[PDB]
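Chemist: Just dropping this structure here.
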Amino acid sequence: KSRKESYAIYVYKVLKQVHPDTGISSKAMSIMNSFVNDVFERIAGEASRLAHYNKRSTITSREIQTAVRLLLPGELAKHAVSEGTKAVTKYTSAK
Amino acid sequence: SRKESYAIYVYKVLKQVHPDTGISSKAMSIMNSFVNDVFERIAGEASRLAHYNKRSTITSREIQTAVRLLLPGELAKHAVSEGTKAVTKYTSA
Amino acid sequence: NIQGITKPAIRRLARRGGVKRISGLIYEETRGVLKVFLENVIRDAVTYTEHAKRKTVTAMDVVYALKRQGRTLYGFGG
Amino acid sequence: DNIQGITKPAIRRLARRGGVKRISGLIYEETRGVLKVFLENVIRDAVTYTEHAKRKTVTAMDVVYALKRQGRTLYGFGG
Amino acid sequence: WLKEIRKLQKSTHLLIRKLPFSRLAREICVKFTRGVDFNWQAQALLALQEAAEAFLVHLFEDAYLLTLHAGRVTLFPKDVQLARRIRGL
Amino acid sequence: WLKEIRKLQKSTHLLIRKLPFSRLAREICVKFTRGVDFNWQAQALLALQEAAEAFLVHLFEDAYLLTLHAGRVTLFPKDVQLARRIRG
Amino acid sequence: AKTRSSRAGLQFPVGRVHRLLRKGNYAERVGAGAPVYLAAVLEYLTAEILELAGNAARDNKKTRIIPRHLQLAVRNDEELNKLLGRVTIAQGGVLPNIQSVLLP
Amino acid sequence: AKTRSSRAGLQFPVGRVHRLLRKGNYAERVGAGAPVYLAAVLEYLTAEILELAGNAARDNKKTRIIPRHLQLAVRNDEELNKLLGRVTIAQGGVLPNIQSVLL
DNA sequence: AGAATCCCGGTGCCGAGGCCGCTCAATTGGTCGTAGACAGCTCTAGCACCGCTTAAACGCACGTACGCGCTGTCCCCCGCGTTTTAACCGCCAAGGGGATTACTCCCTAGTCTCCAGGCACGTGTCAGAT
DNA sequence: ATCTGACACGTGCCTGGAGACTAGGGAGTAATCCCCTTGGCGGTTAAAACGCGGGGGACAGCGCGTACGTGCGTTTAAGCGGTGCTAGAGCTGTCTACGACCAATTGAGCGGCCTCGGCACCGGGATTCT
C-alpha cells in the first residue's frame with residue numbers, strides 16, 4: 001500500500017494537553033489536518049515570497065516571524081510570535 | 001549598474017500591431033507590471049499543478065493546462081492555440 | 001434535470017439563512033446561480049483531472065478547484 | 001485635526017466621480033472612518049515589509065507588495 | 001415561520017438530497033470533457049454539494065440583509081441578483 | 001449635479017490633494033514603527049493616495065447601487081457601512 | 001533528547017516541517033530556526049482553536065469535538081474569524097442568527 | 001537565427017523567461033518547450049490588449065497610448081475584465097457610467 | 001389549552017482508543033563552500049525653512065428637492081389536507097481503471113566558451129496644453 | 001499657433017545567452033492485482049406535489065417638515081520655487097558561520113486488529129407560551 005503523512009496523532013496529543021477529557025471524532029481530525037496544512041501553506045508561501053522579494057535565497061527565523069506578524073490578525077499575531085520566540089530561544093538553550 | 005525591464009519588447013509588439021502609435025512611458029510601466037503579473041500567475045499555477053501531481057517538471061502540457069485554468073472563455077482557447085503554433089514552429093528546428 | 005433540485009429544498013436552503021418570506025420568481029434565479037457556480041467549479045475540477053490522465057474525478061481535485069477560488073473546503077483533505 | 005483636515009469637498013468630489021446625486025451630511029464621518037481603517041491596514045503591511053528589509057525609508061514597491069498581498073493590486077510601480 | 005428557522009439552524013445536515021444533485025453534476029461534466037463522460041469518486045459529489053449548499057446559504061443571507069435594508073420582509077429576486085453583483089463576482 | 005459628474009469622470013487626475021494626505025499617512029505610520037518615524041519615499045505617497053482613491057470610489061459606487069436599490073436618491077452612512085459589510 | 005521536537009518544548013514534528021520546507025520548493029536553504037518557529041506557531045494555533053472548541057463542547061453537555069463545535073468556535077470569536085474568513089467547514093451548519101426587523 | 005526568439009517565431013524573449021523559471025524556485029526541472037510556450041501566451045495577451053488600446057487611442061484622437069487608453073480597453077471587454085477584475089491602473093480614471101433612474 | 005419542550009432511564013451499535021508488528025525517514029557525526037553578515041565609501045534624494053502666489057475651502061441665506069410616516073387596495077405567499085412518487089436502503093453483480101512496480105530511452109542540469117542583445121549614456125524634434 | 005519638454009533614436013560595451021557535449025535520473029510505456037463505482041431489482045416511506053382559504057405585506061399616495069445644493073464674499077493653506085542638508089540607499093570587500101550532503105543507525109509513526117462506550121434513538125415525566 002502506501003504510508004500517508006498526516007497530523008492526526010499530533011492534534012490528538014495537543015488536544016489531551018489542553019483539556020484532559022474530551023476526544024475528537026474523525027471528521028474533526030480531518031478538519032484539523034486540513035487546517036494545519038492550510039496555515040502551513042500560507043506561512044511558507046509568504047516565506048518564499050519575502051525571501052524572493054528581498055533578493056535573498058534562504059528562509060530563516062526572522063523571516064518566518066515577519067510572515068507570522070503579517071498574516072495573523074491583531075492580538076493573535078502578538079502572542080503567536082511570543083510563542084515562537086520562546087520556543088526558539090529554548091531550542092538554542094539546548095542544542 | 002544594470003536593471004532589467006520589458007519595455008523594448010512591448011514596443012516591438014505595438015509597432016508590429018499598428019505602425020503609427022507609440023507609448024508614453026507610464027503605459028510602458030503599467031504593462032511592464034502587467035506582463036510580470038500574468039507571468040507570476042501562470043508560473044505559480046504551474047508550480048502548484050506540478051507539485052499536486054507529485055511530479056517535478058514544468059513542461060509544455062502543464063503550462064497549457066495552467067493557461068486553460070486561469071483565462072476566461074475565448075481567451076484561453078485562442079491563447080492555447082497560439083502557443084501550440086509557437087511550439088510547433090520551434091520544435092520543427 | 002436542473003429542475004430536479006426541488007422547490008421546498010430551495011425553501012429550506014433559504015430558511016437556514018434566516019429568511020422569512022420567499023417570492024415566486026426567486027426559484028428560477030436560484031437555479032440560475034446554482035448552475036453558474038457548479039459549471040465553474042466542475043470546469044476547474046475537470047481541467048485538473050483531464051490534466052492528470054485520469055477519469056475518476058477525485059475529491060481532492062474538487063477541493064483544489066474550490067481552493068483556487070478562495071472559497072476552500074475543509075474536512076476532505078486539502 | 002489632520003483626519004478632520006482631509007477636506008469635505010474632497011470627499012464630495014470623490015463621490016461625484018462615482019456618480020452620486022445627493023450626499024447626505026452625515027456621510028463624512030463614516031467615510032473618514034473607512035479611510036482611516038484602510039490606511040491602518042495598508043500601512044501596517046508596508047511598515048512590516050520595510051522594517052523586515054531593514055530599510056528606514058518606505059519605498060513604493062513595498063506599498064505595491066502590500067496591496068498585491070491583500071488583493072487590490074496596483075499597476076505602474078514595478079509590480 | 002420560526003420553528004423551522006431554529007430547526008434548520010440547529011441541524012448539521014445536507015439540505016438538498018443527494019441523487020438529483022448527482023444527476024445535475026454529471027450532466028454538467030458531460031457538457032465539458034470534449035463530449036465524453038467521466039465517473040466521480042463517492043465523496044467528490046459530497047464535497048461539491050457541501051460547497052454548493054454553503055454558497056447558496058451565504059448568498060441568500062446576504063440578499064436578505066439587503067431586503068430588510070430595503071424596507072421589505074420578503075425576498076424578491078433582485079436582492080439575490082444585486083447582492084451577487086456587489087460582492088465582486 | 002450633472003456637469004461635474006461628467007467632468008470628474010472624463011478627467012483622470014487624483015482628487016484628494018498632496019500635503020493633507022502626506023500628513024495623514026505619516027501620522028498613521030508614526031503610530032506604528034515603535035515610535036521612530038520613517039521616511040516615506042515621495043512616490044509611495046502617490047501610490048498610497050491612488051490606492052485609497054480607488055478604494056473610496058469603488059465603495060461609493062457600490063453603496064450608491066444600494067441606495068438606488070432602496071428607493072432613495074441620497075447616500076446615507078448606513079449604505080456605506082452596509083456596502084462594506086457585504087463585500088467581506 | 002534524541003529528537004528535536006521534544007527538545008524545543010513543542011509537540012509538533014519539526015523534523016517533517018523541515019522536510020516539507022525543503023521538498024516543497026519554497027526556498028533553497030532553510031535555516032534550522034525556521035521550521036522550529038513554524039511548528040511552534042502551528043502548535044499555538046491548534047491549541048487555541050481546540051481550547052475554544054473544547055469549552056463549547058463542555059457547554060453543549062457532550063464529550064467529543066464534532067465539526068459543528070469547530071464552526072461555532074471559529075465563528076463565535078473574532079480574530080479566528082478574521083483568519084478563516086472565507087473557508088467552508090464541512091458538516092458545520094451556520095451559527096444561529098435572526099435579524100431584528102424580522103422578529104414580531 | 002541563433003537566438004531562440006526568432007527560432008520560435010515570436011517577439012518576446014525566451015531566454016529571460018527561462019531564466020525566471022529556473023531562478024524563481026517554481027520547480028527544479030523546467031522543460032524545453034515550456035518557456036517558449038509561456039512567451040507565446042504572454043505575446044498573445046499583450047498583442048490583444050494593445051490592439052484594443054491602440055484602437056481606443058486613435059478613436060479619442062491622440063497619437064500615443066496613455067494609461068486611460070489601457071483602462072478603457074480593459075474595462076470595455078469582458079474576458080479581459082474577468083482576467084483583470086481586481087487590478088487598479090495608476091493615473092487611470094474610471095469608466096463613465098451614469099444610470100437612467102437617478103437623473 | 002395543544003402541542004411544545006425541557007430532564008432522565010433503557011437499549012443497541014458502530015466509531016474511537018489503544019495495543020502491536022513493522023518499514024523508513026529522522027537523527028548523529030563529520031566535510032565543506034558559499035551566502036549573508038558586518039565595515040567602509042559614495043552620494044541621491046527626502047526633508048525642511050522660507051517666500052510668494054492664488055486656487056480652493058468655507059460660512060451662511062435660502063429655496064426647494066425630497067425623506068418619510070400614515071393612509072388605503074389588492075394580490076399573493078403560507079399553511080392545511082389529501083395525493084403520488086421517486087429517493088433510499090439493501091442486495092447483488094461485474095467490470096473499468098487506480099495504483100503500484102519493472103524497465104529504460106531520452107531530456108534536462110551542468111560546464112566550458114565564444115559572441116551579440118540589450119541596456120546605459122547622450123541628442124534631437126515634434127506632441128500636446130491654452 | 002506656439003513653446004515646454006520627453007519620447008524616439010544612435011554608439012560602447014558588457015553581462016547574459018547560445019552552442020557542443022557530458023552524466024544521471026525522471027517520466028513514458030507496459031503489466032497485474034484489485035478497489036470500488038456504475039448499473040439494476042425489491043419495498044418502505046418520507047417527502048415532494050398541489051388546490052384553496054386566509055390574512056400579511058407590496059405598493060401607490062400625500063402632505064408635512066427637514067436637510068442638502070448653490071450663490072457670494074471671505075479667508076486659509078496648498079503648491080511651486082529657491083536652496084541647503086545630511087541621512088541612509090546602495091555598492092563593495094573580506095570572512096566567518098551555517099546549511100547542503102553523505103553514510104549508518106534507530107526508534108517514530110503508521111497499517112491493522114479489536115474490543116469497548118458515547119451517543120443516536122426511543123420512551124417516559126412535566127411544564128406552559130400565545
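Residue numbering restarts at 1 for every chain of the C-alpha cells, chains are lettered A, B, ... in their displayed order, and ligands are numbered from 1 as they appear.
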What are the residues of chain J that have an atom within 12 Å of an atom of chain H, counting only C-alpha atoms (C1' of nucleotides), as a ChimeraX atom specification?
Modeler: /J:7,16-19,25-27
Chemist: Pull N, CA, C and O atoms (P, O5', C5', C4', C3', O3' and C1' of nucleotides) from the residues just selected and write them as an mmCIF file, in the first residue's frame.
Modeler:
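Ended up saving to result38.cif:
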data_model
loop_
_atom_site.group_PDB
_atom_site.id
_atom_site.type_symbol
_atom_site.label_atom_id
_atom_site.label_comp_id
_atom_site.auth_asym_id
_atom_site.auth_seq_id
_atom_site.Cartn_x
_atom_site.Cartn_y
_atom_site.Cartn_z
ATOM 1 P P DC J 7 7.378 60.555 -22.078
ATOM 2 O "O5'" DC J 7 7.316 59.544 -23.310
ATOM 3 C "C5'" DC J 7 6.606 59.911 -24.468
ATOM 4 C "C4'" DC J 7 7.469 59.812 -25.712
ATOM 5 C "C3'" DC J 7 7.988 58.412 -26.047
ATOM 6 O "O3'" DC J 7 7.610 58.084 -27.371
ATOM 7 C "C1'" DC J 7 9.702 60.018 -26.231
ATOM 8 P P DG J 16 24.385 39.156 -15.730
ATOM 9 O "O5'" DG J 16 23.395 38.346 -16.677
ATOM 10 C "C5'" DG J 16 22.509 39.049 -17.510
ATOM 11 C "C4'" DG J 16 22.466 38.428 -18.884
ATOM 12 C "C3'" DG J 16 21.949 36.991 -18.920
ATOM 13 O "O3'" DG J 16 21.058 36.846 -20.003
ATOM 14 C "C1'" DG J 16 23.998 37.110 -20.024
ATOM 15 P P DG J 17 19.880 35.761 -19.951
ATOM 16 O "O5'" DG J 17 19.920 35.111 -21.399
ATOM 17 C "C5'" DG J 17 20.029 35.937 -22.536
ATOM 18 C "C4'" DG J 17 20.665 35.191 -23.693
ATOM 19 C "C3'" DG J 17 20.259 33.724 -23.831
ATOM 20 O "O3'" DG J 17 20.077 33.421 -25.205
ATOM 21 C "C1'" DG J 17 22.588 33.893 -23.742
ATOM 22 P P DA J 18 19.222 32.147 -25.673
ATOM 23 O "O5'" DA J 18 20.215 31.380 -26.651
ATOM 24 C "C5'" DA J 18 20.655 32.033 -27.825
ATOM 25 C "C4'" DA J 18 21.859 31.345 -28.443
ATOM 26 C "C3'" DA J 18 21.716 29.846 -28.662
ATOM 27 O "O3'" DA J 18 22.241 29.489 -29.932
ATOM 28 C "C1'" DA J 18 23.613 30.300 -27.314
ATOM 29 P P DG J 19 21.848 28.092 -30.622
ATOM 30 O "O5'" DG J 19 23.223 27.276 -30.621
ATOM 31 C "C5'" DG J 19 24.377 27.859 -31.208
ATOM 32 C "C4'" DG J 19 25.640 27.074 -30.889
ATOM 33 C "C3'" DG J 19 25.518 25.560 -30.975
ATOM 34 O "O3'" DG J 19 26.666 25.043 -31.618
ATOM 35 C "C1'" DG J 19 26.356 26.163 -28.864
ATOM 36 P P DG J 25 21.297 10.035 -9.890
ATOM 37 O "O5'" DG J 25 19.746 10.332 -10.101
ATOM 38 C "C5'" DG J 25 19.337 11.633 -10.494
ATOM 39 C "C4'" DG J 25 18.168 11.573 -11.454
ATOM 40 C "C3'" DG J 25 16.999 10.703 -10.994
ATOM 41 O "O3'" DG J 25 15.792 11.364 -11.283
ATOM 42 C "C1'" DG J 25 17.627 10.100 -13.138
ATOM 43 P P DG J 26 14.876 11.967 -10.112
ATOM 44 O "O5'" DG J 26 13.711 12.691 -10.917
ATOM 45 C "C5'" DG J 26 14.041 13.481 -12.042
ATOM 46 C "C4'" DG J 26 13.085 13.255 -13.203
ATOM 47 C "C3'" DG J 26 11.724 12.699 -12.857
ATOM 48 O "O3'" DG J 26 10.801 13.232 -13.761
ATOM 49 C "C1'" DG J 26 12.750 11.260 -14.379
ATOM 50 P P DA J 27 9.343 13.657 -13.273
ATOM 51 O "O5'" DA J 27 8.407 13.316 -14.519
ATOM 52 C "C5'" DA J 27 8.817 13.656 -15.820
ATOM 53 C "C4'" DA J 27 8.569 12.514 -16.783
ATOM 54 C "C3'" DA J 27 7.170 11.894 -16.737
ATOM 55 O "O3'" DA J 27 6.724 11.658 -18.063
ATOM 56 C "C1'" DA J 27 8.792 10.220 -16.507
#
Chemist: Can you tell me, as an MDAnalysis selection string, what residues are no more than 9 Å from range 96-104 of chain J when counting only C-alpha atoms (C1' of nucleotides), ignoring any on the same chain fewer than 4 positions away?
Modeler: (chainID G and resid 29:32) or (chainID I and resid 31 37)
Chemist: So, counting only C-alpha atoms, which residue among A:14, A:70, A:28, A:47 is closest to residue 51 in chain D?
Modeler: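 Nearest candidate to residue 51 in chain D out of A:14, A:70, A:28, A:47: A:70.
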Chemist: Determine, counting only C-alpha atoms (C1' of nucleotides), which protein, DNA and RNA residues have an atom within 8 Å of an atom of range 3-12 of chain F; residues of the same chain fewer than 6 positions away are not included. Present the result as a PyMOL selection string.
Modeler: (chain D and resi 13+16-19) or (chain H and resi 68+91-96)
Chemist: Applying 12 Å and only C-alpha atoms (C1' of nucleotides), which residues near residue 86 in chain G remain after dropping the ones on its own chain fewer than 3 positions away? List them as a PyMOL selection string.
Modeler: (chain C and resi 66-74) or (chain E and resi 51+54-55+58) or (chain F and resi 87-88) or (chain G and resi 74-75+80-83+89)
Chemist: Within 12 Å of chain E, which residues of chain J are there when counting only C-alpha atoms (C1' of nucleotides)? Please give them as an MDAnalysis selection string.
Modeler: chainID J and resid 35:38 47:48 56:59
Chemist: Among the residues of chain H, find those DSSP assigns to strand (DSSP E) from the backbone and print them as a list in words.
Modeler: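 Matching residues, listed in order: residues 29, 30, 64, 65, 88 and 89 of chain H.
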Chemist: Quick one: residues within 12 Å of residue 65 in chain J, only C-alpha atoms (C1' of nucleotides), excluding same-chain residues fewer than 6 positions away - as a list in words?
Modeler: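 So the residues in contact are residues 64, 66, 67, 68 and 69 of chain I.
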Chemist: Show me, as a list in words, the residues of chain G whose atoms get within 10 Å of chain B, using only C-alpha atoms for the distance check.
Modeler: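 Contact residues on the first chain: residues 23, 24 and 25 of chain G.
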Chemist: Given only C-alpha atoms (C1' of nucleotides), how would the per-residue table for chain I near chain G read, listing every residue at most 10 Å away with its closest atom pair and distance in Å to one decimal, sorted by chain and number, as a tab-separated table?
Modeler:
residue	atom	partner	partner_atom	distance
I:25	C1'	G:16	CA	9.3
I:26	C1'	G:15	CA	6.9
I:27	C1'	G:3	CA	6.9
I:28	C1'	G:2	CA	9.1
I:35	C1'	G:29	CA	9.6
Chemist: Please measure the separation of CA of residue 54 in chain H and CA of residue 73 in chain D, giving the value in Å to one decimal.
Modeler: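 So the answer is 24.0 Å.
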Chemist: Compute the chain I side of the contact with chain A at 9 Å, counting only C-alpha atoms (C1' of nucleotides), and hand it back as a VMD selection string.
Modeler: chain I and resid 15 to 16 35 to 36 99 to 100
Chemist: With a distance cut-off of 12 Å and only C-alpha atoms (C1' of nucleotides), select the neighbouring residues of residue 88 in chain B, excluding the residue or stretch itself and same-chain residues fewer than 2 positions from it, and output the selection as a PDB file with C-alpha atoms, in the first residue's frame.
Modeler:
ATOM      1  CA  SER B  60       4.529  22.357 -22.172  1.00  0.00           C
ATOM      2  CA  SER B  81      -3.787  27.577 -29.985  1.00  0.00           C
ATOM      3  CA  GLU B  82      -1.268  30.398 -30.453  1.00  0.00           C
ATOM      4  CA  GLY B  83       1.134  28.745 -28.010  1.00  0.00           C
ATOM      5  CA  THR B  84       0.811  25.377 -29.725  1.00  0.00           C
ATOM      6  CA  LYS B  85       1.626  27.028 -33.041  1.00  0.00           C
ATOM      7  CA  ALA B  86       4.712  28.646 -31.485  1.00  0.00           C
ATOM      8  CA  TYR B  90      10.177  25.937 -32.523  1.00  0.00           C
ATOM      9  CA  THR B  91      10.389  22.122 -32.322  1.00  0.00           C
ATOM     10  CA  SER B  92      10.468  21.843 -36.114  1.00  0.00           C
ATOM     11  CA  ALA B  93      14.033  23.186 -35.821  1.00  0.00           C
TER      12      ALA B  93
ATOM     13  CA  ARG H   7      13.710  30.455 -33.896  1.00  0.00           C
ATOM     14  CA  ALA H   8      10.349  30.051 -32.202  1.00  0.00           C
ATOM     15  CA  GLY H   9       8.610  32.668 -34.314  1.00  0.00           C
ATOM     16  CA  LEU H  10       7.870  35.122 -31.534  1.00  0.00           C
ATOM     17  CA  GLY H  33       9.028  23.757 -24.634  1.00  0.00           C
ATOM     18  CA  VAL H  36       8.705  29.070 -25.411  1.00  0.00           C
ATOM     19  CA  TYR H  37       5.049  28.313 -24.737  1.00  0.00           C
ATOM     20  CA  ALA H  40       3.799  32.731 -26.649  1.00  0.00           C
TER      21      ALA H  40
END
Chemist: Report the distance between CA of residue 24 in chain D and CA of residue 73 in chain F in Å, rounded to one decimal place.
Modeler: 9.8 Å
Chemist: Taking the DSSP secondary structure from the backbone, can you list the residues of chain F that are helix (DSSP H, G or I), as a ChimeraX atom specification?
Modeler: /F:2-10,19-31,33-35,44-70,77-86
Chemist: Given only C-alpha atoms (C1' of nucleotides), how would the per-residue table for range 34-111 of chain J near range 33-44 of chain F read, listing every residue at most 12 Å away with its closest atom pair and distance in Å to one decimal, sorted by chain and number, as a Markdown table?
Modeler:
| residue | atom | partner | partner_atom | distance |
| --- | --- | --- | --- | --- |
| J:87 | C1' | F:39 | CA | 10.0 |
| J:88 | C1' | F:39 | CA | 9.9 |
| J:89 | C1' | F:41 | CA | 11.4 |
